[PDB]
Engineer: 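I have a structure I would like to understand better, so I am pasting it below and will then ask my questions one at a time.
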Amino acid sequence: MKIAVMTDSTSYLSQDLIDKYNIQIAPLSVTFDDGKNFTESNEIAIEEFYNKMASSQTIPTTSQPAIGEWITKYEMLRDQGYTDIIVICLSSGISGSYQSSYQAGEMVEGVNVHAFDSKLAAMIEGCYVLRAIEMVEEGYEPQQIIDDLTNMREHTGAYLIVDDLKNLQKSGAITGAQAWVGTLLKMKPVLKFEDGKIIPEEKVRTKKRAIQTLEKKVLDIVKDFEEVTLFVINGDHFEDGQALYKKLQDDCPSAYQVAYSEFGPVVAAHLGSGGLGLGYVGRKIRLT
Ligand SMILES: CCCCCCCCCCCCCCCC(=O)O
C-alpha cells in the first residue's frame, strides 16, 4: 500500500501546501468571449482576471478537466508507483470534474482510484485534501479515509453572497432562483450550498447586513460542533473579506480555527465581482 491524494484546481490550496505534500492537481480552465483561454494555476494573477472579466461584454465560461486530463495524471501517478489514489473533486452539483475523475479512473490499469465528491468548492473542498493527507500519514487505509471524508461532509457547508446574480444565472450555476429574476429588488441575495448545489437562502436589504447574515447563520450552526474550522473566502472586494475575517476573529473563541482564502478564476467566473463566502467544517483541519 502506497496512498496518494490529489485534487482539481478549484480546491485553491496554497502553493506552500501543494509544494510541501507534493499534491498533484488536475486543472480546470476558463475561456473569455474573445477566445482567450488558460489553465488554472497559482501562477495566474487574480487581479488581472477580474479586470478582464469586467472588460468583457459576455461572461466567461469554464471547463472541467477533460477526461483525458485526469487519465494522464493517474498514469503519471501510476508510473510513480502508488497503489491507491484519493481524488478530491469539485461538487458534482456544479461541475463535471468529479464524474470525469471517476470515469478516467476506470481507465488506468494498475492503480485503484477513489474519487470523492466534496459537494463544495474552493478551500472548503481543499479541507478534504488536507484531511485525507493527514489520515494517510496516520496509517489509515483508503476505505477508512473515504468513510471519514463522507462523515466530514455531513458537517460541512457554506453561505455566500455576490454583487449581481447574472454570472451565476447565465452560467447555470444557481438552482431554484427562477423567481429571484426580474431586477431582484436591490436586496442582496444570500445563497448557500445544499447537497452540492447553490440555492437561495434569504434576501437582505444591504450588503453589510448580508455579511452580518453570513456570520449569524454559520455561527448558529457550528456552535453545536465539537471541532470548528471556518474559512472566509473573498472575491475581488478586499474590504469585504477583511471586515468579515476581523469580525470572526473578535466574535469567535480561539477554540475555532478561522482562516482566510480567495476565489480563483474558475469560481470567480461564475460569481462575478463582489463574491464572498463563509464556509465551515466540523473538524480541526491541519492547515500547515
Ligand atoms: C466558503 C465557500 C464558498 C464556495 C463558493 C463556490 C461558488 C461556486 C460557483 C459555481 C462554479 C462552477 C464551476 C464549474 C467548472 C466547470 O466544470 O466548468
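The figures that follow rest on heavy atoms only: side chains count, while hydrogens, waters and symmetry mates do not. Remember, it's 1-based here, ligands and their atoms both numbered in the order they're listed. Counting begins at 1 with the first residue of the sequence.
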Engineer: Does any pair with a residue in residues 122-137 pass salt bridge (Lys or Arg N to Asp or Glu O under 4.0 Å), and if so which ones, sequence neighbours excluded?
Structural biologist: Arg131-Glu134, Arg131-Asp148, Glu137-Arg286

Engineer: Hey, does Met107 have a side-chain heavy atom less than 4.5 Å from the side chain of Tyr74?
Structural biologist: no

Engineer: Contacts table for ligand 1: protein N or O within a distance under 3.5 Å of ligand N or O, distances only.
Structural biologist:
residue  : atom   : partner : partner atom : Å
ligand 1 : 17 (O) : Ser95   : OG           : 2.4
ligand 1 : 18 (O) : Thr62   : O            : 3.2
ligand 1 : 18 (O) : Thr62   : OG1          : 2.6
ligand 1 : 18 (O) : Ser63   : N            : 3.3

Engineer: Determine, for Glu75 against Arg78, whether the closest basic-nitrogen to carboxylate-oxygen distance falls under 4.0 angstrom.
Structural biologist: yes

Engineer: Which residues satisfy the side-chain contact (heavy atoms from CB on, under 4.5 Å) test with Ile46, sequence neighbours excluded?
Structural biologist: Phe49, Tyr50, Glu262, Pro265

Engineer: Ignoring hydrogens and angles, state whether a donor on the side chain of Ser97 or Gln64 is under 3.5 Å from an acceptor on the partner side chain.
Structural biologist: no

Engineer: Not counting sequence neighbours, which residues clear side chain to side chain donor-acceptor pair (under 3.5 Å) with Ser92? List them please.
Structural biologist: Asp117

